[PDB]
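> Task: produce atomic coordinates for the following.
(7 chains, ligands or ions: 3)
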Amino acid sequence: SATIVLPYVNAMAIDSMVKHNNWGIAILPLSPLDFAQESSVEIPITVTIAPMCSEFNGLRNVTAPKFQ
Amino acid sequence: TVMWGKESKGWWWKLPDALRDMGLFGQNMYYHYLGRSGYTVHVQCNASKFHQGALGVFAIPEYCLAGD
Amino acid sequence: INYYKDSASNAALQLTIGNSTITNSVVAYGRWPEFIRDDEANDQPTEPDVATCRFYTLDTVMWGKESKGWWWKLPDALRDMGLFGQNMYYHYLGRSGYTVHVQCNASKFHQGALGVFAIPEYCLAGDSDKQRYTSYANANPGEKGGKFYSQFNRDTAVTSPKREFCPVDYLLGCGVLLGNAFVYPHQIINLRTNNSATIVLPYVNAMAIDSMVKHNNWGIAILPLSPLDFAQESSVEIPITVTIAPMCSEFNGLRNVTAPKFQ
Amino acid sequence: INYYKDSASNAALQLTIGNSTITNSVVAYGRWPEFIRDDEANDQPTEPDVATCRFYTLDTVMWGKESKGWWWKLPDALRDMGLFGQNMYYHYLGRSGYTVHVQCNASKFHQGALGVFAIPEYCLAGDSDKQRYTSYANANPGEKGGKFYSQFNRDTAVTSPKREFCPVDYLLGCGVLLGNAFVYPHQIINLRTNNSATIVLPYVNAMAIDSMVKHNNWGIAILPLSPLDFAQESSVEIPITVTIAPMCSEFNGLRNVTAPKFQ
Amino acid sequence: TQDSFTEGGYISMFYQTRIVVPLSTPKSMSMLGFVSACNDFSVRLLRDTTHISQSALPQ
Amino acid sequence: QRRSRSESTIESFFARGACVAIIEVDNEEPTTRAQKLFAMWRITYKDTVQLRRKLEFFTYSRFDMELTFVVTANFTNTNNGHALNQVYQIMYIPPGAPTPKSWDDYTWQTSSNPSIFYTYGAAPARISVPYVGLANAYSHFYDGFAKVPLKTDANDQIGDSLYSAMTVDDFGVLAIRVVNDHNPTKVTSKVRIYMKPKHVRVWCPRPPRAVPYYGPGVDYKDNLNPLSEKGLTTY
Amino acid sequence: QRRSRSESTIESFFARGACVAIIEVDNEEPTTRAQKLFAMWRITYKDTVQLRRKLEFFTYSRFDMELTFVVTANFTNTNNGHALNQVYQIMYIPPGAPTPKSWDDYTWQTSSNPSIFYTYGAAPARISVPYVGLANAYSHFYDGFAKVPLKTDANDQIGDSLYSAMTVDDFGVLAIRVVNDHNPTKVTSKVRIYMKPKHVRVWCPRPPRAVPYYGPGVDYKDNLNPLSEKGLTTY
Ligand SMILES: CCO/N=C/c1ccc(OCC[C@@H](C)CCN2CCN(c3ccncc3)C2=O)cc1
Ligand SMILES: CCO/N=C/c1ccc(OCC[C@@H](C)CCN2CCN(c3ccncc3)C2=O)cc1
Ligand SMILES: N[C@@H](CCC(=O)N[C@@H](CS)C(=O)NCC(=O)O)C(=O)O
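Numbering: from 1, shown residues only, chains lettered A, B, ... in the order given. Ligands and ions are numbered 1, 2, ... in the order given. Here you go:
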């Protein structure tokens, strides 16, 4: 397992969350997966994320982005 | 959950994009003009003593990707 | 001298809330809304401050010569109002007080009187011989509310009963004379003196905190005490508007969202 | 105020013992074995120190896929163990505590779970319509012990009834669900974590000292909570061993030797 | 007793990743469950149980 | 001195024994057909109207209770001899406890359930009970349901429940039987139960009922013209 | 305040009167054939199951006892006149004391044995008894025998004894009779005995019974499928 803690990083103290993404997570296999001498191997990978110290401002009607 | 095999090349996610539909966090995100938050990321992957491999997890601020 | 050990055996202006502003008030039972105290509880509560404690305006209604009255249920009327409804449906237990503002404007040549009553545990009568057969959907109209009637119209359907309320104006919809309804917290809007009414309702219930979906804590009833008239015109209609602000709201029991079936 | 004179009328690691050594423990009811105190007695007691307080090993048993359980009675199981049995049969009254050690070793590729329970006044059910008809010989098997069954097999013999117990695994042989047997002092041996169990039993009885021949103070029950398995083999068998050490034993009432008739 | 006005909730279990075993090892296993009450548990209103019955008195 | 309000207090207003139940129990030779050897009554105060109307002046209440039992027996015929004095057994069955199916089943052992044995001709029986409400106060009126239908429910009957009802079985029941065996002559008896609240606190006063009651709820069916005629300018 | 455990104590758990015996006694003209003029009941709590099950939660117990007697009488016919009020005699016979052979023998003089005389129609009789155990505590369960067979015994019956039995005659018996002479009409009566433990201490808790009792011991014969069906993934 792995654990990381990410603080809020940006050129501004507070910014919109819809049109701007603050962080990116990249997972890559540095070494190929293998098991005994089997031809095919598959294992599950799971990701969990917890927000911390979240603030919001500018209450108004709800935004409905068009995702396809 | 995702699956890791011999031909897997990697995965990537964007935050706070990945949590846009997670409980009241998404509702507050879409009901407010300005937002702020930190994160805690936990990656889980279990195998046996006869398996071998290595995963690299990277957190990148302002992670911009190339087109096609 | 008491012999038995058990005690039972013993012989006997502008008001601003959140990002909303409205431009005398009545406090029910002389008790301002307040949060739960440390000496009474049953986990960490969720207590929104400004995202839910603000004024929401309901649909406007029309008052004419033949209008008999209107009624609403709380917190039912606010089930689809911003984040308040989301918190209501995402939590098992909820608590809140209310501020109710009724607006109705007319001219000096109009005349009429409206009575607004806040009733705790406001139970209404059915419209069929069967007892307590009203359905959940019909008992929770929402922000549209219901209306009163001047007579009891028994439902004659036998195959597909309506299962709806049949309130009667002069019985207050519960079998009690309207004249005594002033025992409840109330306000009177007389067109010749004022044009608005305000009431503050604290949280009232036999339990400190209770579910908001299956139980309604308050009822609001508006009835015309005097008929509307204007000069010598045959038909007169004026708008009536209602605004409600939650106050000191607490939620507990976070879990997946509830999706009631309203028709 | 109480009127009557009588109160009843009033309204309501290595462990070494003796010359034996074995290489966490559970103490029953949090009470270590102890000798009789001067404020409770009924002649000069005989209190062997090392000639009887030592570890005796019983016959090894085999655990497989079809095994259902085993049971033993104390002090019955030690009736033929060195000088302890001689003192038991040469004295009218006896007293003692016990230390029980269960050993079972396997590999990392095996799986299974054993539950060991110490039961005071462990009474078992019969195998016939007649009630309390079990014989003394059948109720005191000795160091060999008995076994459990998955069903009740009524004895059909009418001429020569067997007069034997018929314990049932899921009823604990006494008409109580096995799941609650953990209320008694107990230990769990899980092959993936540990390979041994230890329990310490003090002397429990309604009397300070009692005969050891006609009354058994403790019962030991071992049952497989999970079936035994190994890789993908069809048949698997492993040994289980039991060792018992008397502690703080007293005897009184010296006289000629008792010779019970065991078949 | 069973009553919707005093319902308590629900308990569920799910796999997080999966069970993984090496070769020459059993692929099936068993799990056990236990329940108990904490130190803040209380009861009221003693009453008879439904788990024991009788049909004929001893003769 | 000056006039006082001693008798207008809540305690004085409810310091009276009010009948809430009349129950019939018969003693005769058992037979295949239906009989009244033992009776069961569901505890409540809505069977009668006077105490119900007095209590409905308020929305919430909290009190202890005192119960009194009066028993009256009589014959039915004259040519079947007579009978000796009878003994009556009254048992309180809380929710979840087993209920009798016959006048002489094991359930009458009352190992844990409280019971009263009454001898005919003695003083009326009496007992006291404390506040046994699950919540902090009794709820005379409840505006809600016990179930909420959901969109994912397979059918509409999963979430169907009666309006203004908290629990189906509340406060248990009382089972009354005659312990004595059957005499050759049938004997009928009636038990009347009288209730008196004590140490009473109330909240949220409400206007009193003005039309006849119809069911446990607030429904009204007939007699909806209470007021009588009178002249506007007539003294 | 905070919730308390007052009612979960051992004393409260056993603070109830539980029936343990129903006994029949008849009054009629004596005859050569068998009759029920006097009855004898062996004292125990295993005749009924509720109190037995409650007590079997523990291996050892120590308590005093309170006994209450309720008497109910009735006729059987109608053409033989009537009868006057009867008086019942209840006598406690400890082990070793002589036992009656008739309803009017010398044994009823009760010179040293305690006795109760009860008048029909009065309040139910009551008495209290202290702890009378030979040992330091009562033994609900006994894993042993009273005799041990020996190799030198002439026959196998010398050492034969019932399993899980301490003494054949324990705690004595109760003898109940009707003191009154026989009226021309027969009169039947039933005495119900209710027991309440007091000042209770217990040791070595045990799991409760899960299958119907069968005999004084722990034997089981039928109904060995207590649990019901339910889905693994069904709420
Ligand atoms: C041996 C027999 O003695 N046992 C007697 C007994 C009597 C009363 C007991 O409590 C019954 C419940 C009462 C405290 C009254 C219940 N009330 C108060 C609120 N309430 C009610 C009914 C319907 N709608 C709303 C409130 C009621 O019916 C328990 C035991
Ligand atoms: C004038 C008549 O009044 N005499 C009454 C009386 C009542 C009870 C008396 O004691 C009888 C014995 C009781 C203290 C209860 C005995 N118990 C306690 C343990 N026990 C028992 C039974 C079976 N297996 C294990 C324990 C019992 O049956 C003595 C005299
Ligand atoms: N109905 C049976 C007798 C019933 C009976 O004795 N029931 C027992 C337990 S099975 C009991 O508890 N009776 C209580 C009582 O009726 O006093 C008969 O007379 O054949």
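> When you work out contacts or count neighbours from here on, use the C-alpha atoms and nothing else.
Noted.
> Now the phi/psi pair for residue E:43, please.
Here is the backbone geometry of residue E:43 (degrees, to the nearest 10): phi -130, psi 160.
> Determine the longest helix present in chain F.
The longest helix of chain F (DSSP state H) is helix F:50-55.
> can you tell if that one touches chain C?
No. Helix F:50-55 lies out of reach of chain C by C-alpha under 8 Å from any C-alpha of the partner chain, never closer than 11.6 Å.
> Quickly list what residue F:75 is bridged to.
residue F:187 (DSSP bridges).
> what comes up buried for the longest helix of chain F?
Neighbour-count burial for helix F:50-55, counted by 16 or more other C-alpha atoms under 10 Å in any protein chain shown, picks out F:51-52, F:55.
> Give me the helices and strands touching it, please.
With contacts taken as 3 or more C-alpha pairs under 8 Å, 6 or more residues apart in numbering or on different chains; DSSP states H and E, helix F:50-55 sits against strand F:18-27.
> and after the strand it packs on, which helix or strand comes next?
Going down the chain from strand F:18-27, the next helix or strand is strand F:38-42, by DSSP states H and E.
> Quick one: distance of that next one to the chain centre.
Distance of strand F:38-42 from its chain centroid, counting by C-alpha atoms, centre = their mean, to the nearest Å, is 10 Å.
> try stretch F:105-112
For stretch F:105-112, the separation from the chain centroid amounts to 22 Å (computed by C-alpha atoms, centre = their mean).
> How about it and chain E, any contact?
Yes. For stretch F:105-112 and chain E, the contact criterion (C-alpha under 8 Å from any C-alpha) is met by F:105-106, F:110-112.
> Widest-spaced pair of those?
Across these, the longest distance by C-alpha to C-alpha is 15.5 Å; it joins F:105 and F:112.
> With neighbour numbers in mind, choose between the two.
Between residue F:105 and residue F:112, counted using other C-alpha atoms under 10 Å in any protein chain shown, residue F:112 has the larger neighbour count: 21 against 14.
> okay but the more buried one is in contact with residue E:50, surely?
No. Using C-alpha atoms under 8 Å, residue F:112 is not in contact with residue E:50; the gap is 11.8 Å.
> how many neighbours does the residue nearest to residue A:36 when sequence neighbours are not counted have?
Distance criterion C-alpha to C-alpha, 6 or more residues apart in numbering or on different chains; nearest residue to residue A:36, sequence neighbours excluded, is residue B:50 at 6.5 Å. Number of residues near residue B:50 (other C-alpha under 10 Å) recorded here: 11.
> From residue A:37, how far off is residue B:50?
Per C-alpha to C-alpha, to the nearest Å, residue B:50 is found 10 Å from residue A:37.
> Need the overlap of contacts for the two.
When C-alpha atoms under 8 Å, 6 or more residues apart in numbering or on different chains defines a contact, no residue borders residue B:50 and residue A:37 alike.
> Quick one: residues contacting the residue nearest the centre of chain A.
Chain A has residue A:25 as the residue nearest its centroid, 5.2 Å off, counting by C-alpha atoms, centre = their mean. Residue A:25 sits next to B:12-15, B:57-60 when contact means C-alpha under 8 Å, 6+ apart.
> List only buried entries from those residues.
When the contacts of residue A:25 are checked for burial by 16+ other C-alpha under 10 Å, the buried set is B:14-15, B:57, B:59.
> out of the residues you listed, who's nearest chain C?
When the buried ones among the contacts of residue A:25 are compared for distance to chain C (C-alpha to the nearest C-alpha), residue B:15 wins out at 22.6 Å.
> the strands in the chain, which residues?
This is for chain A. With DSSP state E as the criterion, chain A has strands at A:2-6, A:23-35, A:43-59.
> Let me know which of these is the nearest to ligand 3.
strand A:43-59 (60.8 Å; C-alpha to the nearest ligand atom).
> near ligand 3, which residues of chain F?
Chain F comes close to ligand 3 at residues F:104-106, F:108-109, as judged by C-alpha under 6 Å from any ligand atom.
> I'd say residue A:9 and residue A:22 touch.
Yes. Using C-alpha under 8 Å, residue A:9 is in contact with residue A:22, at 7.0 Å.
> joint contacts of these two?
Contact criterion C-alpha under 8 Å, 6+ apart; residues shared by residue A:9 and residue A:22: residue B:61.
> So those two - more neighbours on which side?
More crowded of residue A:9 and residue A:22, by other C-alpha under 10 Å: residue A:22, with 21 against 15.
> Now for that one: which residues touch it?
Each residue near residue A:22 by C-alpha under 8 Å, 6+ apart is listed here: A:8-10, B:14-16, B:61-63.
> Let's see that with 10 Å instead.
If a contact means C-alpha atoms under 10 Å, 6 or more residues apart in numbering or on different chains, then residue A:22 has A:8-10, A:15-16, B:14-17, B:36-38, B:60-63 as its contacts.
> what's the answer for residue F:192, then?
Residues near residue F:192 by C-alpha under 10 Å, 6+ apart: F:19-24, F:68-72, F:124.
> Go again with 6 Å.
Residue F:192 sits next to F:21-22, F:69-70 when contact means C-alpha atoms under 6 Å, 6 or more residues apart in numbering or on different chains.
> List only those of those residues flagged as buried.
Here, 16+ other C-alpha under 10 Å leaves F:21, F:69-70 buried among the contacts of residue F:192.
> ok, so of those residues, who is nearest residue G:171?
Among these, residue F:69 lies closest to residue G:171 (C-alpha to C-alpha), at 38.9 Å.
> After the helix or strand that contains the closest one, which helix or strand is next?
Using DSSP H and E, residue F:69 falls within strand F:58-75. Sequence-wise, the next helix or strand downstream of strand F:58-75 (DSSP H and E) is strand F:87-93.
> Not counting its own residues, what contacts stretch F:140-147?
With C-alpha under 6 Å, 6+ apart as the contact definition, stretch F:140-147 has outside contacts at C:121, C:123, C:214-216, E:4-5, F:59, F:159, F:163-164, F:166.
> ok, now how distant is residue A:52 from residue A:23?
Computed as C-alpha to C-alpha, the residue A:52 to residue A:23 distance reads 14 Å.
> Looking at those two, which one has more neighbours?
In this view residue A:52 and residue A:23 are compared by other C-alpha under 10 Å, and residue A:23 has more residues nearby, 23 against 15.
> Need the phi and psi values for the residue nearest to the spatial centre of chain E.
The geometric centre of chain E, computed from its C-alpha atoms, lies nearest to residue E:35 (C-alpha atoms, centre = their mean), at 6.4 Å. Phi and psi for residue E:35, reported as degrees, to the nearest 10, are phi -140, psi 150.
> and if you look at residue F:108?
Torsion angles, degrees, to the nearest 10, at residue F:108: phi -80, psi 0.
> That one: neighbouring residues, count only.
Residues within reach of residue F:108, counting by other C-alpha under 10 Å, total 21.
> Next: residue F:59.
Residues lying near residue F:59 (other C-alpha under 10 Å) number 22.
> Check the one 5 residues further on too.
Counted with other C-alpha under 10 Å, the neighbours of residue F:64 add up to 18.
> what's the spacing between it and ligand 2?
Separation of residue F:64 from ligand 2 (C-alpha to the nearest ligand atom, to the nearest Å): 37 Å.
> wait, what's in contact with that residue?
Here residue F:64 is in contact with F:129-131, F:197-198 (C-alpha under 6 Å, 6+ apart).
> Go again with 8 Å.
Contacts of residue F:64 (C-alpha under 8 Å, 6+ apart): C:8, F:128-131, F:197-200.
> With residue E:55 instead?
Residues in contact with residue E:55 (C-alpha under 8 Å, 6+ apart) are F:105-106.
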